[PDB]
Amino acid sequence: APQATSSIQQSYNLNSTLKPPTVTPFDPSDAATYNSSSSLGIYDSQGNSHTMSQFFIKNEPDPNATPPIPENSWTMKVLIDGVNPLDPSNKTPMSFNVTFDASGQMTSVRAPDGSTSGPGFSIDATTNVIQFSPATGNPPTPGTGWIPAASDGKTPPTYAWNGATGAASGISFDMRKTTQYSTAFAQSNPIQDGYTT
């Protein structure tokens, strides 16, 4: 039998030289709206391939924001197959804030409101590991966890639940050792535990 992805380990260097994009808002099809992006392959319960994408956007510091944006703050946006992991009927990404200390070492991964939880996930405040929660319901209930999706192929295409699930535990996403140095955006070779066929 195939095996769904339940665990992903991947670290990044986020390029400390890059300014916030001037083109706004974020659009995954327009590289002028984000600074850097990466993708990796994951698998659902039936072994079908899916592509998880991360988009990284530098945040401008702002003491007046709700919550305030510090120095060395980035937004990470997550899509799977280009659509909302939690709801294939839209393209709302899962958004996280990633911060670094003055020496460019990662200090926190949080929801945009600063807390350790949001729709479809919780984060361990100590390790900064994101636990994407497993979707509930059958058919899976939008907003509860990853809903493996497939396109009909039309233009514009409509994505819908493909009949498969994720892993029973959801997805652990571990970006520890991520760094924010004056060097190119880079990603480690992803380690993930799903497989096909």
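One rule holds for the numbers: they count along the sequence shown, beginning at 1.
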- May I ask you to compare 58-66 and 161-169 by their mean CA B factor in the entry and name the higher one? 58-66
- Task: Pick between 27-35 and 147-155: the one whose mean CA B-factor in the entry is higher.
- Result: 147-155
- Item | Deposited CA B-factor, highest of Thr22, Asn13, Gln9, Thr17 | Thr22
- Query: Compared with the other modelled residues in the chain, in which third is the CA B-factor of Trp74?
  - Reply: lowest
- Which third, lowest, middle or highest, does the CA B-factor of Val129 fall in along this chain? highest
- Cα B factor band for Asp101 (lowest, middle or highest third within the chain): middle
- Task: Looking at the entry's B-factor column for C-alpha atoms only, identify whether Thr183 ranks in the lowest, middle or highest third of its chain.
- Result: lowest
- Task: Pull the Cα B-factor of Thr197 out of the PDB entry and bin it into the chain's lowest, middle or highest third.
- Result: highest
